[PDB]
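Student: The structure follows.
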Amino acid sequence: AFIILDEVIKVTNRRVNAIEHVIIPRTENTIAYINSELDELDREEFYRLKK
Amino acid sequence: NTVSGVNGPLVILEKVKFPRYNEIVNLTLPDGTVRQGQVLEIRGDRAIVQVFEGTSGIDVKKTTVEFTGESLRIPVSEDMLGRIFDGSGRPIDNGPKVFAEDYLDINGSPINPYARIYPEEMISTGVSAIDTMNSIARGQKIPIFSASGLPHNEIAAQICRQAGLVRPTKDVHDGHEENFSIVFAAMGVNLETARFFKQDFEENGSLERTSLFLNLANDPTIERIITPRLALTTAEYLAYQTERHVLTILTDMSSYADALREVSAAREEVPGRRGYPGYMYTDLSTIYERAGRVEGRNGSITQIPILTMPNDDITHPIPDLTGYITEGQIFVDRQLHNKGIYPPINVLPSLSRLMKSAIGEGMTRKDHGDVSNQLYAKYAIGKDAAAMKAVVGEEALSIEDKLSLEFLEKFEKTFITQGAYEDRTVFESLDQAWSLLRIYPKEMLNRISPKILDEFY
Amino acid sequence: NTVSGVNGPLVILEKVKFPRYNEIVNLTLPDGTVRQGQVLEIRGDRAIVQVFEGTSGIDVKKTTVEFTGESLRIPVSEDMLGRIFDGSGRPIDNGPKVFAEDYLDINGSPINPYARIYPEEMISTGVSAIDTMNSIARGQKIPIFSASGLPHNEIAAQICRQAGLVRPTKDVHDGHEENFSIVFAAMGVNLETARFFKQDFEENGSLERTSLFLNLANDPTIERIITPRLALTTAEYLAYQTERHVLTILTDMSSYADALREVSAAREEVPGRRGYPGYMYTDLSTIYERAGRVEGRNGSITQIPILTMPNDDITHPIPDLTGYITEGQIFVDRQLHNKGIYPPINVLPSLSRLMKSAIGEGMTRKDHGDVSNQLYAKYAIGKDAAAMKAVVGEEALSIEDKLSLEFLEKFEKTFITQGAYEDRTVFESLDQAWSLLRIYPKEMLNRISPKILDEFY
Amino acid sequence: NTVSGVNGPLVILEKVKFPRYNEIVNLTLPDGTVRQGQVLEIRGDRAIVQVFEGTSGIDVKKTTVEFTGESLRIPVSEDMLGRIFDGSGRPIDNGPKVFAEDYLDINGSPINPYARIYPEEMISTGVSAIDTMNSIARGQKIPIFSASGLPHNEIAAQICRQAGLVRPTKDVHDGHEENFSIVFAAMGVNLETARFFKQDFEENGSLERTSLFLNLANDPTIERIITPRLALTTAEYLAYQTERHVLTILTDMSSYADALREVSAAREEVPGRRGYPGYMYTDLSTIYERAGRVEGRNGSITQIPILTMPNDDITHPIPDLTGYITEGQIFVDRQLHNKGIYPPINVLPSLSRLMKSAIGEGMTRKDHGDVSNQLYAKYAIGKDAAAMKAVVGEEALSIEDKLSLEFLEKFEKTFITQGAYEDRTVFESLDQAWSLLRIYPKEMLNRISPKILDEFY
Amino acid sequence: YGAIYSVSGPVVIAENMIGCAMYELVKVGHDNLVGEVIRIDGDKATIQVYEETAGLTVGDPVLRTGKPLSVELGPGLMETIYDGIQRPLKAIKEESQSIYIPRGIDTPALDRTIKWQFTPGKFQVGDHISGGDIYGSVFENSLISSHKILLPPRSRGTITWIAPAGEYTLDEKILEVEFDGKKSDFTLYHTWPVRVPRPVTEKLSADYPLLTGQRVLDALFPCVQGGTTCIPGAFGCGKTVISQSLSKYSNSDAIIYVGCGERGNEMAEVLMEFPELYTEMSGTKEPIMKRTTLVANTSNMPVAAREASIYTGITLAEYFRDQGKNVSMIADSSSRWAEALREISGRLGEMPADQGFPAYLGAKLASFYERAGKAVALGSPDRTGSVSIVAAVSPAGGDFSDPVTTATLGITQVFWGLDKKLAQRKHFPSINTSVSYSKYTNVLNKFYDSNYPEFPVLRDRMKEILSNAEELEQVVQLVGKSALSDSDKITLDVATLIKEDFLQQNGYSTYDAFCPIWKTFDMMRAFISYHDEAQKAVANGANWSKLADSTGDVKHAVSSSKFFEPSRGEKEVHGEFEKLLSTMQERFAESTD
């Protein structure tokens, strides 16, 4: 039981580190990139209308 | 009368209030060439015209106009096949003009004798991934969604070469009995590829059966948009008067969309979301209108529009609006292309919502609609299992999922893959579907009624 | 005539059509104040002007004009060394009266006798972090890209105090042959920041060899845009007449861009993407052209502009335009600062286009460039491997990888860490690099030829 | 007397400049239908009018206009209550005249006497989740942020209908010596919903405690924003002159916001992000200014606005601006409604920032504050425990997690869940709380003073 | 009268339009095109012209008719297909020889040759009369002779003339009303403005459930006659199949099918399919057709028609409502109407401010909605009529964040989900309890309690099984399965059963033509009983595996339920499901010990 416990904890430890460092910041950066383009399409339109 | 001004490529005429709407006017320029333009709008003591040849040369006081008195209409013959035209139907080979037996309107709004009988008989394009999954019916218009990073021009080409070689397969199926003719319209496409299209018609031996309208990007914007309307009108004449099965292949919608966009930069009409006109929908719908079973119900026009996504996403204005007007969509994808697949067709967002009703057992089989339904569910799981496989490890896998991972690859590399010259029987397609499904027990199936399954599996 | 209206910093003047473009006019206010302005637009019996002084408080018929009849030019002199100015060329600390020996108009193009022979000599500040990875040639422009929460001011200060001590050492090597002068233009910065820069020039004994132009943010937005340009006109004069290498430090670029943006959303032009100007590029381009060797070929203008991202991204319209025009960038990072590394300049994506050109063999080794290629590769892979170490542990970390982990630490704490009075030289930097690089086997070190490798491990 | 045009909701009437701003005008039609409207803008020989009923169908010559001479104000009275009104405050009850005692402005402020004295003294809603855990004291404005995935109207009614049955119970403990009145404002409402509120009130016998104003959604947008403004003014008069504690229920702020975004279609006023005004702040503020302690301070006007997220986005502009202004917020989530808990207020991110400031005694107990800390912290931990249980299993879980789990199920199914016609007074709520918390020993209860903990476990 | 100022797109501008209003019917040009003055700018009127331009010149006359643009509702509406401007499509096929409307061709709003049998009302001479009171009735079909001829909304007076029973035309006058002097003579047809909500005696709260005929739609949140509903689409997920399928399966006295701006193939399908198939009301000789009045617009026809579509359609539901007929109006898809509105917004040149979409859009969507509902029929004899609006919503850009959907959810009280991932997997229509709500629920389950069922109890448990499954699935994906509680496994398993039997059904259930409430209740009742017995069974001790193996025979039997049709027990209560409960109880006995 010990030897197995020793192997499984090593895998569970890698997964926490992976989701924390890689996954979450990728979701932040991608969201942001798209946000910045997106708001500008709505704004420029209003300026076009006004002109 | 005379030019007051020119604003962008749009030319502002000052003129007296008499012209027809969409009336051709001829602008006399001092350079030995007279050109035609069409009043885009008629207004109070002025009209704004975009001139169909060139974009420069208009002068203030050195210009003369004379009103033709006749709005543009396409002069139509059913002898127009076996001729090479440009975007105005003028010859480029000197000699073969459109000519006429009748004169019909470019919008096709006067005649519109489209049958109130829903797509009926089967059509194939000889590509298994198309035929089985999103099955084409005559009069059905289902778009080809592509993305650039692709040999998307090669996929269009493949379909053009394949169209008319399918037709003896279809005669035998009894989803065709009558002549097959091709109407081919080119907008903003490369030089090399224009020679590929001519060459594909030549091989087939359907050069006589086809009309080519060739329009480049160095030919004007307004003139680009007219081109498919000429083509379309001629197809409607083919379908109605002589009860033919007409396939018009209309490439490239994206080029057509830009052209619309460049205008309205001096019109009073204002542009909506993402700088696209709000009546862009209206423009697409005029093109799309000639498509459907004709009255006589022995002819039809089937329409295949070719769209390359210029940005790659499907929520971009060009694809988003089109998908709505049409009944389903067909997705080509970059990812398959990368592995080294041809024709690379992803089927997961691909669905045609009028597929089941059109088709029946007499030219397909009853299991055609069931066997397709099974293959989507299994492919979908295989795709999610793959994504999870990367992140967590093989910890989130389960027995069904491991089987699904293999299924994905099996399907991708045997089913979807085939040569350019290759064409496929629908009945054949269906035995290859069953084969892939043979690696799963039957208790795990549920998108097929147990009666149906027992017969063909 | 007199003032019809003012809409923001635009002033609507009614006056006749006789003035020239950028002709100075003077506004007589009834408040006992005169304000100067320059014609941005001339129209049919009216002009639209941006005033350098004030931004508001402009009347109708109380306010009158007299036109100067003279276009906007800078009295550029060479005995301008050691004198202190503001953002218009008035003294604020009682530096010597401007005089005149030549007048040059500001247009980003005085006489423009910029480069058609590229730079090839080397300038070192004694900073390894900068010099090795980014080889600064005698008329290249490499900006400093930093972000908020960093001491960008402090690094700009390192350059200014350490320059003018390293340069005579470099004079003997034939890296230099002539004196150095610094022309510092500050834009839109705090009192506290402005004093810091002045403190650095006093402290060294280069207050007599520097020109300082101070613009604060509470001085008009129109004054702020003229400030970098004024500095640059002067800079070209010193280069021309007395043949010195002039280094220009133009800080801060974001402040300048905020000024342009207010004069583009208050203009009758619609601005580009993210509400940032459509000719924002152009405005930036004006500075940047004014780079390279100046006639007599022994003076030059070299540029380091200082940018702080106000939104922490290279996504933003300022970094992306800036980086295209210049030839490299020197990148500073947040992580390194937090840890206790000064200067905190990271070397991960810092890049020099004209690296090859800048290195020589009559004042630098030829191995500067070869060894650079190794450091950039090794550091880059090493940073990425470390993040990877965190995730995986030691179950996908090799022996070789352990060695990359050691190279990374050592590079950070030695190569990048040096105090703000520590002076290096190129030969020392190479020697220290060689040592770090030494633990790697021969096989590993593969982007550098065997001839070089074998001699120096 | 001559309608110039109609451009959407906005109507241009051409008649002289002698009217004042927001003066009611009458459009007299040959249909015998008199419609009143209010001038939005007045300009030289034209005014721009939004008609309350309809907005179009007026002739350009067969019409006349008359000016009332009175700007819009509400006839306010204490005998007005217990009656159903439209969005202009005109009976639909088929009851008598509105009656006046004063005419008070509905423009945004009547006299604005909003105190510089902070909230104390409990106002009871009769919902356990709100009252104990998020104590609202008079003058505070705490919104309910709900979604369309919840039954927002039904929860809103619940707060009104159970409110004011709390009051005899308060009078005995001596919280309230003066009476309690409800002002209920319904916006852009569906017909079933308008009727629903009256029926609920009738059932409890809360009908004559409240006045209901219904504006229906077929009624134009301008009427709709006027509705809460009418309500809020009536309330400020009852609260000031006859000293009563008033709870004002305003649903739906999202429909009010839409109206504001909606008007602008000939104005030279541009909106901000997502199409919603840059001045969306300003409009919110307007409702918000009537809310707080009245002068004399035993009466108050207490405001609970109800905001519906249409797409579950907390980064949606409507909630964000509001959230900054408001003294906390109540979050209601879809998840709990799904388990079948009703009301389904998750008290997980809900907060009252002046929680301590409200309670006392005589309408609360001393032990109220300590308990609020025990239950929130234990609950949060309960959610975390549910996820862990799924993973570890039931036969491998911790003691501390097991307790936290037990608490989650009881907490949800007893404290939050209450019946439609079951009133939950604050004294009643606090007892149910001790039963839930009892399961933890004294050793695990510690955000409670040992004095309390010894009284009640 | 007026002289054309400019023609820009199919929009015509005309100067010299005075004593004109803003909804006027006009004849445009020398071509005499049907048209309407939408707005006016000073003297210059901006007119939307409902036939295309291809040759209309400037300076041609514009003649105002002296009245608004209205639609005609008379007899013969049933068993005929019209367009959205409402000119008979069928009559167009013979005479013009063009199946769809030709340019420059005009045809009046209804057929003027058709003769109808008039039978007298409940009025005689010299009687006081009012609006929506029944002046007669016309035997309109064979299924229904329920077509009441009414005095129009907004009419009162005394009837000077009552004509006797007989055969007449619908142009041939039969009624004179005198109010103050001659009000007008009346005929079988009556006119109604498509821009006003039709008058009503009172609106009443909805409380009578309609059964959709789809077990899944009734099960989670019941439909009501008088209500409002959204069904999500995506334009390739078989949204059409379920729309047309609902229409057949739902049972009302009159049904109005409104194709807003459609494929043209899809419209064609319904036109063909309905006389071929049968009603569940025993309809004969073109069964379904006799019950439907059909509004057909394709997107390829003019944008004006497509604006007009919804409005004509709602007025038709409303006309029948006043007669005391209960109506199902299925309008598909409301997002295409919004796309027509975005088109108008840019063609006139009005400001868009609803995310690149119209100013008016949010309010126009609400205005359409408020015309639907349950009511006491117009006129004093008192009848019940109702209109349930089923309005399809689908993307106009984003997935639910498009303007259309955001507005519609605000105003709708019933929402039934449709997930895309399950659509591609074939498990449509998929109703997700998070993406679904009904505010009508509480009055509806109390209604079903009166009818016989225990229904409210089953609802809570149905919700609980679906609800926990979504949360446990998120732990399954990330962590994996190596453990998942005995109780948690059970919930997952049973939720699969609910998907397969209910949620999946559309040409996969051999009985689906109309499904009673009792049968739905009986089916769900077996699922819930299996659930409670199972969770108790693991807790009182018995392995999860032994419990799967012994339940065995019954578990399959509930899996197979969906194919089964009423053929045992009553006509709505089914014995195979009743038998099932008792056998279940026996399985639990084997399984615990």
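Here's how to read the names in the structure tokens: chain A, B, ... by the order shown, residue numbers from 1 in each chain, ligand numbers from 1 in the order shown.
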Can you pull out every residue from range 231-441 of chain B that DSSP, working from the backbone, puts in strand (DSSP E), and format the result as a short mmCIF file (atom, residue, chain, number, x, y, z; two decimals) with C-alpha atoms, in the first residue's frame?

Tutor:
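In the end it all went to states-v6.cif:
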data_model
loop_
_atom_site.label_atom_id
_atom_site.label_comp_id
_atom_site.auth_asym_id
_atom_site.auth_seq_id
_atom_site.Cartn_x
_atom_site.Cartn_y
_atom_site.Cartn_z
CA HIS B 245 -30.20 19.90 -63.54
CA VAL B 246 -27.96 22.94 -63.19
CA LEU B 247 -25.06 23.13 -60.80
CA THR B 248 -23.63 26.63 -60.32
CA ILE B 249 -20.44 26.80 -58.43
CA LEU B 250 -19.90 30.32 -57.14
CA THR B 251 -16.40 31.15 -55.80
CA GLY B 292 -34.26 25.45 -55.58
CA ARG B 293 -36.43 23.30 -57.62
CA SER B 300 -33.55 22.33 -60.40
CA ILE B 301 -30.62 24.58 -59.73
CA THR B 302 -28.25 23.40 -56.95
CA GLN B 303 -25.91 25.93 -55.76
CA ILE B 304 -22.64 25.49 -54.01
CA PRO B 305 -21.15 28.82 -52.65
CA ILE B 306 -17.37 28.60 -51.67
CA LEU B 307 -16.35 30.66 -48.67
CA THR B 308 -12.72 30.89 -47.32
CA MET B 309 -12.83 32.40 -43.71
CA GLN B 329 -22.72 23.84 -43.05
CA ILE B 330 -19.68 21.82 -44.08
CA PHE B 331 -16.44 22.47 -42.32
CA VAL B 332 -12.96 22.08 -43.75
CA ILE B 345 -12.89 17.59 -43.65
CA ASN B 346 -13.94 17.84 -40.02
CA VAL B 347 -17.53 16.72 -39.49
CA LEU B 348 -18.07 17.71 -35.83
CA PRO B 349 -19.75 21.19 -36.38
CA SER B 350 -20.92 19.98 -39.78
CA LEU B 351 -24.66 19.23 -39.96
#

Student: Hey, what's within 10 Å of residue 204 in chain D if we count only C-alpha atoms and toss same-chain stuff fewer than 4 positions away? As a VMD selection string, please?

Tutor: chain D and resid 161 to 162 164 to 165 199 to 200 421

Student: So that I have them on file, write out the residues from the current selection with N, CA, C and O atoms, as a PDB file, in the first residue's frame.

Tutor:
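As a result, again_39.pdb now contains:
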ATOM      1  N   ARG D 161     -44.106  41.133   0.068  1.00  0.00           N
ATOM      2  CA  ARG D 161     -45.308  40.539   0.636  1.00  0.00           C
ATOM      3  C   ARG D 161     -45.102  40.080   2.010  1.00  0.00           C
ATOM      4  O   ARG D 161     -45.982  40.312   2.825  1.00  0.00           O
ATOM      5  N   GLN D 162     -43.934  39.527   2.379  1.00  0.00           N
ATOM      6  CA  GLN D 162     -43.542  39.143   3.688  1.00  0.00           C
ATOM      7  C   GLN D 162     -43.107  40.277   4.514  1.00  0.00           C
ATOM      8  O   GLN D 162     -43.188  40.185   5.724  1.00  0.00           O
ATOM      9  N   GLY D 164     -43.573  43.947   6.036  1.00  0.00           N
ATOM     10  CA  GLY D 164     -44.725  44.549   6.669  1.00  0.00           C
ATOM     11  C   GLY D 164     -45.612  43.505   7.357  1.00  0.00           C
ATOM     12  O   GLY D 164     -46.586  44.016   7.902  1.00  0.00           O
ATOM     13  N   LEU D 165     -45.325  42.223   7.372  1.00  0.00           N
ATOM     14  CA  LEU D 165     -45.899  41.336   8.363  1.00  0.00           C
ATOM     15  C   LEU D 165     -44.919  41.080   9.428  1.00  0.00           C
ATOM     16  O   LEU D 165     -45.381  40.619  10.491  1.00  0.00           O
ATOM     17  N   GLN D 199     -52.269  40.097  -6.781  1.00  0.00           N
ATOM     18  CA  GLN D 199     -52.863  38.943  -6.199  1.00  0.00           C
ATOM     19  C   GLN D 199     -52.069  38.492  -4.951  1.00  0.00           C
ATOM     20  O   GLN D 199     -52.765  38.030  -4.024  1.00  0.00           O
ATOM     21  N   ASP D 200     -50.723  38.534  -4.943  1.00  0.00           N
ATOM     22  CA  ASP D 200     -49.906  38.075  -3.855  1.00  0.00           C
ATOM     23  C   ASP D 200     -50.204  38.911  -2.622  1.00  0.00           C
ATOM     24  O   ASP D 200     -50.477  38.320  -1.608  1.00  0.00           O
ATOM     25  N   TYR D 421     -45.683  31.347   1.683  1.00  0.00           N
ATOM     26  CA  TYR D 421     -46.542  31.999   2.617  1.00  0.00           C
ATOM     27  C   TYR D 421     -46.094  31.782   4.036  1.00  0.00           C
ATOM     28  O   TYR D 421     -46.944  31.816   4.945  1.00  0.00           O
TER      29      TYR D 421
END

Student: Could you produce a table of the residues of chain A lying within 10 Å of range 349-360 of chain E, with the nearest pair of atoms per residue and their separation in Å rounded to one decimal, using only C-alpha atoms, ordered by chain and increasing residue number, as a Markdown table?

Tutor:
| residue | atom | partner | partner_atom | distance |
| --- | --- | --- | --- | --- |
| A:41 | CA | E:356 | CA | 9.2 |
| A:42 | CA | E:355 | CA | 6.8 |
| A:43 | CA | E:355 | CA | 9.9 |
| A:45 | CA | E:356 | CA | 7.8 |
| A:46 | CA | E:353 | CA | 8.0 |
| A:49 | CA | E:351 | CA | 7.5 |
| A:50 | CA | E:351 | CA | 9.6 |

Student: Which residues are close to residue 361 in chain D, i.e. within 10 Å by only C-alpha atoms, leaving aside same-chain residues fewer than 3 positions away? Reply as a ChimeraX atom specification.

Tutor: /D:121-122,173-175,358,364-368

Student: With a distance cut-off of 12 Å and only C-alpha atoms, select the neighbouring residues of residue 58 in chain D, excluding the residue or stretch itself and same-chain residues fewer than 3 positions from it, and output the selection as JSON, numbers by chain.

Tutor: {"D": [1, 2, 3, 4, 5, 6, 11, 12, 13, 26, 27, 28, 29, 30, 31, 32, 33, 34, 35, 51, 53, 54, 55, 61, 62, 63, 64, 65], "E": [18, 19, 20, 21, 22, 23, 24, 37, 38, 39, 40, 67, 68]}

Student: For chain D, list the residues within 7 Å of chain E, counting only C-alpha atoms, and write the list as a PyMOL selection string.

Tutor: chain D and resi 4-7+56-62+148-149+151+190+192+217-218+262+265+274-275+310-311+334+338-340+390-394

Student: Put those residues in a file: C-alpha atoms, as a short mmCIF file (atom, residue, chain, number, x, y, z; two decimals), in the first residue's frame.

Tutor:
data_model
loop_
_atom_site.label_atom_id
_atom_site.label_comp_id
_atom_site.auth_asym_id
_atom_site.auth_seq_id
_atom_site.Cartn_x
_atom_site.Cartn_y
_atom_site.Cartn_z
CA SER D 4 -42.12 68.15 -39.12
CA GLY D 5 -41.10 64.61 -38.83
CA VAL D 6 -40.74 61.47 -36.82
CA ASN D 7 -37.29 59.83 -36.60
CA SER D 56 -46.04 57.59 -34.66
CA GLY D 57 -49.29 57.91 -36.79
CA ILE D 58 -49.55 61.66 -36.51
CA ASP D 59 -50.33 63.57 -39.66
CA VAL D 60 -48.17 66.40 -40.86
CA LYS D 61 -51.08 68.95 -41.30
CA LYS D 62 -54.23 67.49 -39.88
CA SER D 148 -33.07 35.35 -15.65
CA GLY D 149 -32.21 31.79 -14.71
CA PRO D 151 -37.57 33.68 -11.08
CA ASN D 190 -45.51 41.04 -18.70
CA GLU D 192 -49.26 37.89 -16.03
CA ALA D 217 -44.03 46.52 -21.96
CA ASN D 218 -46.02 47.50 -24.92
CA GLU D 262 -32.57 52.96 -26.55
CA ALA D 265 -31.51 58.04 -32.58
CA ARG D 274 -21.46 47.45 -25.17
CA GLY D 275 -23.69 50.10 -26.50
CA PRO D 310 -29.38 38.47 -18.87
CA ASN D 311 -26.34 36.33 -19.65
CA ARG D 334 -29.04 29.39 -10.65
CA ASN D 338 -31.77 23.81 -9.68
CA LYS D 339 -31.45 21.64 -6.48
CA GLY D 340 -34.98 22.98 -5.84
CA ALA D 390 -17.26 13.12 -4.60
CA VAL D 391 -13.55 12.43 -4.96
CA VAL D 392 -12.51 10.59 -1.75
CA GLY D 393 -15.80 8.80 -1.27
CA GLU D 394 -18.07 8.63 1.93
#

Student: Residues at most 9 Å from residue 51 in chain E, counting only C-alpha atoms, excluding those fewer than 2 positions away in the same chain, as a list in words?

Tutor: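 Surrounding residues, per the criterion: residues 10, 33, 34, 35, 49, 53, 101, 102, 103, 104, 105, 301, 302, 304 and 305 of chain E.
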